[PDB]
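Working notes for the structure below.
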Amino acid sequence: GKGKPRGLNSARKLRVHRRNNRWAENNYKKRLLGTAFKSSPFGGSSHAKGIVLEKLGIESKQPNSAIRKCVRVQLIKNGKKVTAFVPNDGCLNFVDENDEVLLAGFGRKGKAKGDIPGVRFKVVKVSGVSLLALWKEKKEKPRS
Amino acid sequence: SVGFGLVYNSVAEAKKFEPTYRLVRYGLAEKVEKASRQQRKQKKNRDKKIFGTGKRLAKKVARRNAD
Amino acid sequence: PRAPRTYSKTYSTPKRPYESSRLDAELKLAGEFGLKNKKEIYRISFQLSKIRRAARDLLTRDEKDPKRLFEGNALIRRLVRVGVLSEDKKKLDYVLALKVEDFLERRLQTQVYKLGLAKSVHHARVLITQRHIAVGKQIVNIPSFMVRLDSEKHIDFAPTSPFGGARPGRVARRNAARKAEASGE
Amino acid sequence: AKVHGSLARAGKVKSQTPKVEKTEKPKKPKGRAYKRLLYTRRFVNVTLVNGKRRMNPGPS
Amino acid sequence: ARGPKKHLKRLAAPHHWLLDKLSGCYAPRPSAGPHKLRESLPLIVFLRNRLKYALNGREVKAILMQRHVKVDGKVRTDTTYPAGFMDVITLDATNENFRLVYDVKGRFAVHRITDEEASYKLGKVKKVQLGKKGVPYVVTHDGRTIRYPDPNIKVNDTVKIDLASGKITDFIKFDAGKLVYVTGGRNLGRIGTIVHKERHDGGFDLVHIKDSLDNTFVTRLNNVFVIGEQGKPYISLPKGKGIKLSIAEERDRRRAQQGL
RNA sequence: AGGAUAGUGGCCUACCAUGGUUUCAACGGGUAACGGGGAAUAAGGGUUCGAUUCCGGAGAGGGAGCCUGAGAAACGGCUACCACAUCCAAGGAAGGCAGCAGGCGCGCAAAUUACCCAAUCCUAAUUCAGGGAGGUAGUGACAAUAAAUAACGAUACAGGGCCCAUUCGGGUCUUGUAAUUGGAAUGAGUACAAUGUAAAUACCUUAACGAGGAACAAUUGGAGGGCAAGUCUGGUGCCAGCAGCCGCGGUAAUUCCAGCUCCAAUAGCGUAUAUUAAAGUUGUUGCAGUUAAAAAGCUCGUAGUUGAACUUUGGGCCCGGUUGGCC
RNA sequence: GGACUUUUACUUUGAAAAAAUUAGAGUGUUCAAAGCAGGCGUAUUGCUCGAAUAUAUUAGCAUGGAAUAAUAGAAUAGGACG
Ligand SMILES: [Mg+2]
Ligand SMILES: [Mg+2]
Ligand SMILES: [Mg+2]
Ligand SMILES: [Mg+2]
Ligand SMILES: [Mg+2]
Ligand SMILES: [Mg+2]
Ligand SMILES: [Mg+2]
Ligand SMILES: [Mg+2]
Ligand SMILES: [Mg+2]
Ligand SMILES: [Mg+2]
Ligand SMILES: [Mg+2]
Ligand SMILES: [Mg+2]
Ligand SMILES: [Mg+2]
Ligand SMILES: [Mg+2]
Ligand SMILES: [Mg+2]
Ligand SMILES: [Mg+2]
């Protein structure tokens, strides 16, 4: 019974069956294929720097109506283009075009967050200054 | 306070078995006025480039300067 | 390179951050014993969990086991010496009944409060921190000193402290000088 | 997917909110003193107990 | 790699030296000599760490370069000289002699001996071979060769060396009911009597040893060192006589001593 | 069989034979692979990590070759070729920081071109010389330990206490509130000095100075639920924004922006990425497959896995110990 | 020395399996993380406790057992015993 071998000398069958079915997990498949290294905007990194290409107004998903004020940026280390959300009231006037930003994920390891469709990154800093510090007026955006 | 202590037999045994830094601390021996470690090493490396005493090249460059 | 140093954490955070049933119990303990924060309770809980684990895993084995005898006697002796466990109820199964309040009442703050000289646990803590208490001849300014049942009779004001004598005090000196000036001389 | 999404309206509410300065109040004690006052405010001075213990009740 | 190593990192030194983890990145690497470095005690370790006659290696060198210390009757000014089991260390001042024997906890213990015992030493026969010109000789455990030995001296026997001339004054055969000393393994420091031995052709002869108070254990033949007969050892035993009390009754003795 | 090697060996050569490995996975491909001691987590079983303090291996821009030597296929040795790079009077000559410090570049990502051989050890002809090995300090919120930002004093008081509190009257021990009002306690910081150390800087001590807003002023993140904490007050009106998830915002928003208040951890707190438990959502322990995903259309069949029962059982005699009803 | 051996799986016990790390004994680093120190005399020129212990798998090596599972024997007797 149970549809799996039980004999004392069936360890090879059990180990191989577990190895084969292990490929149906998400995390095991990503680790073994090296997807983060190969197919991921960051090179497996938590943060990445980019140059802002343009400012975008992303419409909110149902049942919400809003313009989400994102930026299209190109990463320095690999040249990939991503969309990053700029989190706070305002803070899109702090970003500007051709500026340098630092990006993190939202927190869902991919998996666009909330009502923002197809956006997986958020801006942490611009021109070397924390966006939170610029929003709280602790610091000021450098001219350069 | 808690510390350590040694008492020797006479002056000479202390002055031979005691480290230089403690001799200098107690005033028995003076501090040797040596150059800094870096410039000492640089001078040693400079002398490494010289084979022999150096009077040969010294008078040769003196001839070149006073020709 | 030089051999690595060994260090460990002395506390563990609870699995559930926000549960009122123990949040208020922790605030009760902190208010009763004049503790700075919840880490001071977490440390005692970590220590007591270690001791309870040791006693449980050492009672699971039968008597007259040399392992159980040696480590059980060592743990019993240590707890009795520090005073968290009384002279009576001196057994491993009686170790499991220990509570955080036992170590908290064996803290230096608690004893300094109990034997007069403090009138309050908060006064006890500031008194200890301000180098006014000597457990023996030694000034101890650590409120969690964990007195060990043989230094209780020896807790008094430090001889180098104004409460111990021989010094009036910084502010006392300043105002004595000012008061003498305002009086005359 | 609204390419025409108006970005000119960013910061509207935070710009138009009336600026109200924080009031000057005495400093609150920090550390064991703060735990002391919290203990008194929660276990000794139990002010509002309407129905059950209430910890941030409003006026009325 | 590329040649012999000259450094010994601390935490890689033998544990029985009892070196403090801190206060130094390195440990005294024993020089080549009569004993393997794993089961040897360097002079600097014995003089500084064990006897506290020196504060540091500089003072150890100051001691040695004055010809004060001598091992087995020779000055041996080498700081890291590998003094090992059964060796006799002599200090010209303080009028004392030491014999290097492990205590029961498997480490060399500071054991003082008299001049008569310091005059000689014991050695374990590692091999009996015919040398050049047909001259027989034996090799002891401390890397010593003695020509013209007794014909009845076989391998793993014990010989008594006069230590003033490298000559054998007596020998003990390896036989049942003889007091042996364990020099390796988990039984370092034990002193007991041979019960019997297991042959095991193909390697690792096994010896059964009974303690004085009837603790029976087994050990490899390579760790067995004959030191006499049932009672009356040829060498003064260290304090303890190698019995290996259990930790509970060591605790009980410690408490009886401390608390009177 | 010979040659070569320090030596065994297809290590190489001559001749001969046709062998050797493989579904019990050879061979090939990939590795964001140096192996291990070990680390994180962890009821048990496991999962994940290990470039990095110890051990072993390998390498010194990439290859190859070699000298000297006991020991090197060495690179702070040489030789050549390749790539890179320096000086030049143009003839030529000199190079190898994956040692220490430091610079450029790279990126999310990592410190002084400091002091010293005093300690640990190492090397030499050697007690003495040398050692960026090592140690000391600098930078340093990687991580960890301990724990300052205050503690004691006036007048209304729910009366929780005693003459049936019949009088804001009385010792009711009252911790418990109202910018008030008073002394006392002290280290953060400063520096006599000594100690500390090769010298020092700090630490432990210590003469004086050092508190009233003790301005000597604690932060971070939250207050719908998960999940502790607001039907408080303004502003906004599906906008701006918030929101891990569910959701909150279209004129009375407990969810946004603020003020007040409160909560949580606290010299730390939040965020991102990865990983572990939670996960009996990888399963041996221990899943599921009629309908939720999942019984090959059916049968044959090799490897693999697994395979009925039976052969000396049962009886007696001795020796030799014990959480156990009286020396 | 041979008129000397069916072969295993399995299980017991034992030798070894670096140190550090881990668990853990002792010790007022003022407490603690730590470290492996320290403690006691009248200090009249000295006595002394330590620096334990446990585990570290699979394979190999010995070693007691012979239930369980496999393997072999005497069928054209080319069989055993002297
Ligand atoms: Mg090397
Ligand atoms: Mg050949
Ligand atoms: Mg051949
Ligand atoms: Mg690699
Ligand atoms: Mg590694
Ligand atoms: Mg190499
Ligand atoms: Mg040579
Ligand atoms: Mg170099
Ligand atoms: Mg080199
Ligand atoms: Mg460098
Ligand atoms: Mg270094
Ligand atoms: Mg709010
Ligand atoms: Mg709630
Ligand atoms: Mg279906
Ligand atoms: Mg079917
Ligand atoms: Mg089909």
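Residue numbering restarts at 1 for every chain of the structure tokens, chains are lettered A, B, ... in their displayed order, and ligands are numbered from 1 as they appear.
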I need the contact residues of chain C against chain D, so if you could list those with any atom within 6 Å, counting only C-alpha atoms, and return them as an MDAnalysis selection string, that would help. chainID C and resid 31 35:36
Compile the contact shell of residue 31 in chain G as a PyMOL selection string: residues with an atom at most 7 Å away, counting only C-alpha atoms (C1' of nucleotides), same-chain residues fewer than 2 positions apart removed. chain C and resi 142+144-145
Give me, as a PDB file with C-alpha atoms, in the first residue's frame, the contact residues of chain E against chain F at a cut-off of 9 Å, counting only C-alpha atoms (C1' of nucleotides).
```
ATOM      1  CA  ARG E   2      57.039  23.242  -1.067  1.00  0.00           C
ATOM      2  CA  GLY E   3      58.864  22.222   2.125  1.00  0.00           C
ATOM      3  CA  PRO E   4      58.713  21.713   5.886  1.00  0.00           C
ATOM      4  CA  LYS E   6      58.332  26.124  10.719  1.00  0.00           C
ATOM      5  CA  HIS E   7      55.295  27.692  12.437  1.00  0.00           C
ATOM      6  CA  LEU E   8      52.740  26.133  14.777  1.00  0.00           C
ATOM      7  CA  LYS E   9      49.475  28.030  14.995  1.00  0.00           C
ATOM      8  CA  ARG E  10      47.815  28.201  18.374  1.00  0.00           C
ATOM      9  CA  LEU E  11      44.651  26.037  18.419  1.00  0.00           C
ATOM     10  CA  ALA E  12      46.732  23.521  16.443  1.00  0.00           C
ATOM     11  CA  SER E  23      47.711  36.236  24.236  1.00  0.00           C
ATOM     12  CA  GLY E  24      49.218  34.860  21.029  1.00  0.00           C
ATOM     13  CA  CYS E  25      48.549  33.834  17.444  1.00  0.00           C
ATOM     14  CA  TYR E  26      51.271  31.155  17.510  1.00  0.00           C
ATOM     15  CA  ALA E  27      52.502  28.341  19.741  1.00  0.00           C
ATOM     16  CA  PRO E  28      56.058  27.071  20.267  1.00  0.00           C
ATOM     17  CA  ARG E  29      56.697  24.620  17.460  1.00  0.00           C
ATOM     18  CA  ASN E  56      57.899  35.290  28.650  1.00  0.00           C
ATOM     19  CA  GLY E  57      59.989  33.629  25.972  1.00  0.00           C
ATOM     20  CA  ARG E  58      62.658  36.312  26.306  1.00  0.00           C
ATOM     21  CA  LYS E  61      65.908  32.281  26.453  1.00  0.00           C
ATOM     22  CA  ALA E  62      67.797  34.208  29.137  1.00  0.00           C
ATOM     23  CA  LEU E  64      68.586  28.675  28.730  1.00  0.00           C
ATOM     24  CA  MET E  65      71.541  30.689  27.412  1.00  0.00           C
ATOM     25  CA  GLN E  66      73.042  30.681  30.924  1.00  0.00           C
TER      26      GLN E  66
END
```
From the set F:112, F:197, F:166, F:180, which residue has the shortest atom-to-atom contact distance to chain B, counting only C-alpha atoms (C1' of nucleotides)? F:197
Residues of chain C within 12 Å of chain E, only C-alpha atoms counted, as a PyMOL selection string: chain C and resi 1-6+64-74
Dump as a PDB file, in the first residue's frame, selection limited to C-alpha atoms:
```
ATOM      1  CA  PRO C   1      45.200  35.011  12.870  1.00  0.00           C
ATOM      2  CA  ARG C   2      44.269  35.063  16.556  1.00  0.00           C
ATOM      3  CA  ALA C   3      41.739  32.536  17.821  1.00  0.00           C
ATOM      4  CA  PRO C   4      38.105  33.661  17.452  1.00  0.00           C
ATOM      5  CA  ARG C   5      36.197  35.083  20.392  1.00  0.00           C
ATOM      6  CA  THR C   6      33.070  33.369  21.698  1.00  0.00           C
ATOM      7  CA  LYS C  64      21.411   6.779  40.338  1.00  0.00           C
ATOM      8  CA  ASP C  65      22.466   7.662  36.798  1.00  0.00           C
ATOM      9  CA  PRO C  66      25.927   9.261  37.188  1.00  0.00           C
ATOM     10  CA  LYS C  67      24.991  11.888  34.588  1.00  0.00           C
ATOM     11  CA  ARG C  68      21.769  12.835  36.362  1.00  0.00           C
ATOM     12  CA  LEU C  69      23.431  12.835  39.772  1.00  0.00           C
ATOM     13  CA  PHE C  70      26.411  14.963  38.755  1.00  0.00           C
ATOM     14  CA  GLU C  71      24.587  17.626  36.765  1.00  0.00           C
ATOM     15  CA  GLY C  72      21.484  17.641  38.972  1.00  0.00           C
ATOM     16  CA  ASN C  73      23.571  18.189  42.086  1.00  0.00           C
ATOM     17  CA  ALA C  74      25.535  20.911  40.289  1.00  0.00           C
TER      18      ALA C  74
END
```
Using only C-alpha atoms (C1' of nucleotides): which of G:53, G:20, G:9, G:26 has the shortest distance to chain A: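 Looking only at the distances to chain A, the closest residue turns out to be G:9.
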Got a sec to pull out which chain B residues are within 12 Å of chain F, counting only C-alpha atoms (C1' of nucleotides), and send them as JSON, numbers by chain? {"B": [1, 2, 3, 16, 17, 19, 20, 21, 22, 23, 24, 25, 31, 32, 36, 37, 38, 41, 44]}
Among range 54-159 of chain E, which residues carry a DSSP assignment of strand (DSSP E or B), reported as a ChimeraX atom specification? /E:69-71,74,82-84,88-91,96-99,101-102,108-109,112-113,121-130,136-140,145-147,158-159
Could you report the residues within 10 Å of ligand 4, using only C-alpha atoms (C1' of nucleotides) and all ligand atoms, as a list in words?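 The residues within 10 Å of ligand 4, counting only C-alpha atoms (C1' of nucleotides) and all ligand atoms, are residues 31, 33, 34 and 51 of chain F.
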Now that the selection is made, can you save its residues with C-alpha atoms (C1' of nucleotides) as a PDB file, in the first residue's frame?
```pdb
ATOM      1  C1'   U F  31      27.620  24.500 -11.006  1.00  0.00           C
ATOM      2  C1'   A F  33      31.429  23.997  -6.582  1.00  0.00           C
ATOM      3  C1'   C F  34      37.743  24.680  -3.370  1.00  0.00           C
ATOM      4  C1'   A F  51      34.826  32.755  -0.054  1.00  0.00           C
TER       5        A F  51
END
```
Can I get the residues close to ligand 2 as an MDAnalysis selection string, where close means within 12 Å and we count only C-alpha atoms (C1' of nucleotides) and all ligand atoms? chainID F and resid 1:5 8:13
Requested write-out: N, CA, C and O atoms (P, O5', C5', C4', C3', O3' and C1' of nucleotides) of the selected residues, as a PDB file, in the first residue's frame:
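Now in out.pdb:
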```pdb
ATOM      1  P     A F   1      59.765  -9.481 -17.273  1.00  0.00           P
ATOM      2  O5'   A F   1      60.754  -8.625 -18.178  1.00  0.00           O
ATOM      3  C5'   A F   1      61.679  -9.260 -19.047  1.00  0.00           C
ATOM      4  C4'   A F   1      62.230  -8.300 -20.070  1.00  0.00           C
ATOM      5  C3'   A F   1      62.712  -6.962 -19.537  1.00  0.00           C
ATOM      6  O3'   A F   1      63.996  -7.014 -18.946  1.00  0.00           O
ATOM      7  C1'   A F   1      61.373  -6.602 -21.439  1.00  0.00           C
ATOM      8  P     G F   2      64.394  -5.958 -17.806  1.00  0.00           P
ATOM      9  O5'   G F   2      64.641  -4.601 -18.600  1.00  0.00           O
ATOM     10  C5'   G F   2      65.723  -4.479 -19.508  1.00  0.00           C
ATOM     11  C4'   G F   2      65.534  -3.335 -20.469  1.00  0.00           C
ATOM     12  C3'   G F   2      65.592  -1.941 -19.873  1.00  0.00           C
ATOM     13  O3'   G F   2      66.917  -1.477 -19.700  1.00  0.00           O
ATOM     14  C1'   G F   2      63.703  -2.114 -21.271  1.00  0.00           C
ATOM     15  P     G F   3      67.268  -0.457 -18.515  1.00  0.00           P
ATOM     16  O5'   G F   3      66.696   0.934 -19.024  1.00  0.00           O
ATOM     17  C5'   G F   3      67.148   1.518 -20.235  1.00  0.00           C
ATOM     18  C4'   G F   3      66.322   2.727 -20.572  1.00  0.00           C
ATOM     19  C3'   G F   3      66.239   3.773 -19.470  1.00  0.00           C
ATOM     20  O3'   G F   3      67.315   4.690 -19.528  1.00  0.00           O
ATOM     21  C1'   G F   3      64.062   3.258 -20.254  1.00  0.00           C
ATOM     22  P     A F   4      67.925   5.313 -18.184  1.00  0.00           P
ATOM     23  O5'   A F   4      66.735   6.181 -17.588  1.00  0.00           O
ATOM     24  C5'   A F   4      66.311   7.372 -18.229  1.00  0.00           C
ATOM     25  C4'   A F   4      65.030   7.894 -17.634  1.00  0.00           C
ATOM     26  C3'   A F   4      65.019   8.107 -16.133  1.00  0.00           C
ATOM     27  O3'   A F   4      65.646   9.309 -15.737  1.00  0.00           O
ATOM     28  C1'   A F   4      63.040   7.006 -16.785  1.00  0.00           C
ATOM     29  P     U F   5      66.412   9.377 -14.333  1.00  0.00           P
ATOM     30  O5'   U F   5      65.249   9.429 -13.252  1.00  0.00           O
ATOM     31  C5'   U F   5      64.304  10.485 -13.224  1.00  0.00           C
ATOM     32  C4'   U F   5      63.206  10.171 -12.248  1.00  0.00           C
ATOM     33  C3'   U F   5      63.681   9.763 -10.862  1.00  0.00           C
ATOM     34  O3'   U F   5      63.967  10.871 -10.027  1.00  0.00           O
ATOM     35  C1'   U F   5      62.107   8.186 -11.644  1.00  0.00           C
ATOM     36  P     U F   8      60.938   1.399  -9.038  1.00  0.00           P
ATOM     37  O5'   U F   8      59.429   1.052  -8.676  1.00  0.00           O
ATOM     38  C5'   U F   8      59.109  -0.026  -7.809  1.00  0.00           C
ATOM     39  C4'   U F   8      57.619  -0.143  -7.617  1.00  0.00           C
ATOM     40  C3'   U F   8      56.794  -0.157  -8.895  1.00  0.00           C
ATOM     41  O3'   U F   8      56.701  -1.451  -9.459  1.00  0.00           O
ATOM     42  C1'   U F   8      55.858   1.380  -7.354  1.00  0.00           C
ATOM     43  P     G F   9      56.834  -1.655 -11.043  1.00  0.00           P
ATOM     44  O5'   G F   9      55.582  -0.879 -11.642  1.00  0.00           O
ATOM     45  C5'   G F   9      54.258  -1.319 -11.390  1.00  0.00           C
ATOM     46  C4'   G F   9      53.243  -0.315 -11.874  1.00  0.00           C
ATOM     47  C3'   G F   9      53.477   0.248 -13.262  1.00  0.00           C
ATOM     48  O3'   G F   9      53.074  -0.624 -14.301  1.00  0.00           O
ATOM     49  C1'   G F   9      52.997   2.015 -11.787  1.00  0.00           C
ATOM     50  P     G F  10      53.939  -0.712 -15.651  1.00  0.00           P
ATOM     51  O5'   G F  10      53.373   0.474 -16.545  1.00  0.00           O
ATOM     52  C5'   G F  10      51.973   0.700 -16.647  1.00  0.00           C
ATOM     53  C4'   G F  10      51.669   2.081 -17.168  1.00  0.00           C
ATOM     54  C3'   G F  10      50.186   2.400 -17.326  1.00  0.00           C
ATOM     55  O3'   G F  10      49.992   3.805 -17.159  1.00  0.00           O
ATOM     56  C1'   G F  10      51.235   2.506 -19.429  1.00  0.00           C
ATOM     57  P     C F  11      50.162   4.510 -15.727  1.00  0.00           P
ATOM     58  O5'   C F  11      51.465   5.407 -15.895  1.00  0.00           O
ATOM     59  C5'   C F  11      51.394   6.824 -15.849  1.00  0.00           C
ATOM     60  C4'   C F  11      52.699   7.457 -16.262  1.00  0.00           C
ATOM     61  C3'   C F  11      53.214   7.086 -17.644  1.00  0.00           C
ATOM     62  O3'   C F  11      52.614   7.847 -18.675  1.00  0.00           O
ATOM     63  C1'   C F  11      54.974   6.933 -16.064  1.00  0.00           C
ATOM     64  P     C F  12      52.112   7.140 -20.025  1.00  0.00           P
ATOM     65  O5'   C F  12      53.431   6.996 -20.904  1.00  0.00           O
ATOM     66  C5'   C F  12      54.123   8.138 -21.387  1.00  0.00           C
ATOM     67  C4'   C F  12      55.512   7.781 -21.855  1.00  0.00           C
ATOM     68  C3'   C F  12      55.599   6.721 -22.942  1.00  0.00           C
ATOM     69  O3'   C F  12      55.395   7.242 -24.242  1.00  0.00           O
ATOM     70  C1'   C F  12      57.148   6.229 -21.225  1.00  0.00           C
ATOM     71  P     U F  13      54.873   6.290 -25.422  1.00  0.00           P
ATOM     72  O5'   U F  13      56.108   5.339 -25.746  1.00  0.00           O
ATOM     73  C5'   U F  13      57.269   5.838 -26.391  1.00  0.00           C
ATOM     74  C4'   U F  13      58.347   4.787 -26.482  1.00  0.00           C
ATOM     75  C3'   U F  13      57.982   3.505 -27.212  1.00  0.00           C
ATOM     76  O3'   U F  13      58.055   3.630 -28.621  1.00  0.00           O
ATOM     77  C1'   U F  13      59.083   2.978 -25.188  1.00  0.00           C
TER      78        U F  13
END
```
Return as number ranges by chain the residues belonging to chain D that are within 9 Å of chain F, counting only C-alpha atoms (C1' of nucleotides). D: 9-23, 26-27, 29-31, 33, 40, 44-45, 55-59
Contacts of ligand 13, 10 Å or closer, only C-alpha atoms (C1' of nucleotides) and all ligand atoms, given as a PyMOL selection string: (chain C and resi 18-20) or (chain F and resi 223-229+263)
